[PDB]
Every structure is written in C-alpha cells, then in structure tokens.
Amino acid sequence: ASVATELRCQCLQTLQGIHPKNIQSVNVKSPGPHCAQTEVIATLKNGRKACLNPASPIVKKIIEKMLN
Amino acid sequence: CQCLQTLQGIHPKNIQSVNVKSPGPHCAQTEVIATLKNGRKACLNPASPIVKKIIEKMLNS
Amino acid sequence: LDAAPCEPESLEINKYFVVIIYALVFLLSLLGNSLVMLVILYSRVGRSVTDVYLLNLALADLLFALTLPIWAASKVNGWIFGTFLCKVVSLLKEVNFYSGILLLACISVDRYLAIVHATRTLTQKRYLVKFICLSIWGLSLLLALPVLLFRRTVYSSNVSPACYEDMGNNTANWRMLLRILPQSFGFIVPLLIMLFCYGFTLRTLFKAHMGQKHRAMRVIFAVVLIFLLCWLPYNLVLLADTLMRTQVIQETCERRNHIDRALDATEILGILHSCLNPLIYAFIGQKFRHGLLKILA
C-alpha cells in the first residue's frame, strides 16, 4: 500500500445526508492522531465513497437504521 | 462473513474506528468490525446495546 | 455527491529508487566520517580548537547515518519494526540532527572570533570548545524529548503503519506547535548565527592584504550555500504544510498530493549533509589532507 510521512484527514467537504437505500457500509473514525474531527465515510452500492457530517441529525439516525 | 464469533466486550478507549457493513451479496448478516489502536481487528455484536453506545459516543464528540 | 474522500496517490517508482539513494549515502558517510575520526585521533599533537569541533561533527554525522538503513527500509513497506524502535530510532536521529546543525553554528562563531577579533583578547574565549560542545550535546537531547514522549506506531487503513506522534485528540494542532522547535532552533537560529558570523568575517577578509584571502572566501561561500541548499527546501515545504493545515492557503486534494511528494524529495536532499560535511569542513584543509597521506604509509 501507500507510504505516507504525513497523516491527514480523509474528508474535506461534508454532506447533510444520503438516501439510506444506496448506502452499503459506513466507516466511523473517532478523533485521533491523524485527524482532529470525527469522520463518517459512506461506501455506496456503486463503489463510490461519500462523506457524511457527524453533527447532522440525519447521519446519526442512518447508522442506527443499519445496526437494526 | 468476516465476523463469525462476535466478541462480547471491547475496551471503549482502545477502539480507533468502527466499520459497519450492511447486508450484501458477500454476507447475509450485518457485520460490525472495530479496528483497535494496536492494529488488531475485532468483531462487535450488532445487537448489543453497549455497541450502539460506542458508535453513538464516537459521533457526538 | 460532490464531496468524496481525497484518496492518497502513491507510485511504486518513487519508493524503491529512494532505498538505493539512502543506501549510497549510508556508505559514503560511514567511510568519510571514519576517516575524519581516524585522522584526528591517530596523532594527539596539535589538536587545535577546530579539531574538537570536527571530531564532534564527525560523531554527530556518523550516528545520524547509522540509523539510515532502518529509516530507508521504513519507506519501503512502512514501519514494521514495532513501537520501541520508533522511539529509540527517532531519538537518535533527531538528537544528532539538532547537534549537527548547532555545531555548524558553533564552528562559525569560532571562525568569527578567530579572524575578526584576532587581535583582541575576546578571541581567548574560544578555548572553551570542550565545554561548549558538551552544552550543545546536552541542549540537543533536551530538544528531542517530545519525539521520545509522543511517538508510536499509528496503524491506519488507507496507509501502511507509520511512526507518527500521538498527543491526544487534538494531536493535529499540537504536532504543528512542536514543529516550531525544528524550525526555530534548527533553521532560523542557526542560519542567523551563521550569516552574521560569516557576514562580518567576509568584511575583514575583503579588506586584508593576504594571499590566501581568495581561497578562504570561496570556502566560506561554499559552506553557506551548501547549508541553505540542503535545508531551505525542506523548511519551505514544511512551512507550506503548516499553512495549508491552518486554512491560510486553500486546501485541495491536488495540493495535498503535491506536498506529500515534495516532503519525500526534500528529505532525501537534506540527508546529504552527513556526506558533504567531511568534504566541506575537514578535507578542504591542508592539515587534514597532509595528515591522511602520512597515516597511510
């Protein structure tokens, strides 16, 4: 894989929500050595990766829906 | 399914990131995978109320 | 869905070519520094003040090069060597890096007093090289503690393991502050001391009536340029990285890609100081050149 001497946040912009039916998996990363803010990355059914806003009320609900 | 025998306890502080994979062609059951700070990978029970707390706790930072 | 992860871009071409360049630098510095150590230590007569500065500089560069093989292998497949070495190796590398630069500042001060103040009694303060070198070594260890305290292997998903820092939830901002030490006591302070000392030293040599004044100035100019060339590109990139993180300069996926390559390239350039140092400072003098021939026999 890649070799990086610097670690940076994987997200730049953030969406307010996405249609749940098109979401296949979601990755939630807590604040850590490589990023100050929480990052929620959604992997769509079509292979595209999209960012989600952790503070968005909808985003929290979506993760709860999947964990059903 | 990469998660066969889900654990029943993981230290909240040691978890770096949690990956949730919804049902798909590669697995008929919902899988939750947590990557510990030491590089080890552990599977969490999706139905455990405590697991929901960790994900909820992480988001509301 | 205009928002998407900024996937890192890495090319295999860069990584393996770097290993050979690191290995080549390792061989030359190991051989060059030993000869400088061999020449001075073989004969204890005429051990001038400059001999002590060179001896420490040779040791500082020798230790720094000694860690290159581990660092080179890290660039190949990431830090696979564990947490303990990520602290010890980082300590040894940075301790010598700080000491190496500060000695170049001490050497310049010695030359400034030797030439500019040759007549006066202030030049008598250059017989404390024994203790002054102790002070620099002690100060360097003090400036390398943050590396020892706040480093560990940071496993990730996109990237292979790295020997990064872990200062807490706000490590991103705290790491930037820690970069002030290398960029304050490592580049600016040494640079100002070197330029001031060599700035005035060239003023007396430009007015004196010797015959060797011409070669001395060209040696002084070479020393300054080699320092700027090796370190200025690295610091400018580092400053650019800090500005981007603070949102002073607009951030985009392309810019982050460019800086990543720039940091890797410059770091190779900066590491060459451990190789040119024997040539620039030691082997450009008659005493060492004549000394090496006699030792061979």
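Rules used in this analysis
Residues numbered from 1 in each chain as written, not as in the entry; some residues may be left out. Chains lettered and ligands numbered in written order. Heavy atoms only, no water. Residues with missing side-chain atoms left out of burial classes, pairs and counts. Buried < 20%, exposed > 50% of the residue type's maximum accessible area, 1.4 Å probe, protein only. Helix = DSSP H or I, 4+ residues; strand = E, 2+ residues; numbered from the N terminus. Arc of directions from axis to C-beta. Contact = heavy atoms within 4.5 Å. Nonpolar A, V, L, I, M, F, W, Y, C, P; charged D, E, K, R; others polar. Core = buried A, V, L, I, M, F, W, Y, C linked by side-chain atoms within 4.5 Å.

Looking at the method and resolution fields of the entry, one finds cryo-EM and 3.48 Å.

**Let's talk about helix 1 (residues 57-67) of chain A**
Three or more residues of helix 1 of chain A are buried, namely A:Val59, A:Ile62, A:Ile63, A:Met66 and A:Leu67. With its buried residues spanning 135° around the axis, helix 1 of chain A presents them on a single face. Helix 1 of chain A presents A:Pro57, A:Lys61 and A:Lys65 as exposed residues on the side facing more than 90 degrees away from its buried surface. Packed against the buried residues of helix 1 of chain A are strand 1 (23-29), strand 2 (39-44) and strand 3 (49-52) of chain A together with strand 1 (15-21), strand 2 (31-36) and helix 1 (49-59) of chain B.

**Describing the interface of chain A and chain C**
The interface is formed by 27 residues belonging to chain A together with 40 residues belonging to chain C. Going through the elements one at a time, strand 2 and strand 3 of chain A are the ones with two or more residues in the side of chain A that touches chain C. The element that contributes the greatest number of residues to the side of chain A that touches chain C is strand 3 of chain A, accounting for 3 residues. Looking at the side of chain A that touches chain C residue by residue, the class counts come to 16 nonpolar, 7 polar and 4 charged.

**Digging into the nonpolar core**
C:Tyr22, C:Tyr198, C:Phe227 and C:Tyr281 are the most contacted members of the largest nonpolar core, which has 56 residues in total. Contact partners of C:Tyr281, with chain neighbours within four places excluded, come to C:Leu54, C:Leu57, C:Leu104, C:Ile107, C:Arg111, C:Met194, C:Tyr198 and C:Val223. Membership of the second largest hydrophobic core comes to 32 residues, among which are A:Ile23, A:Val40, A:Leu44 and A:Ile63.

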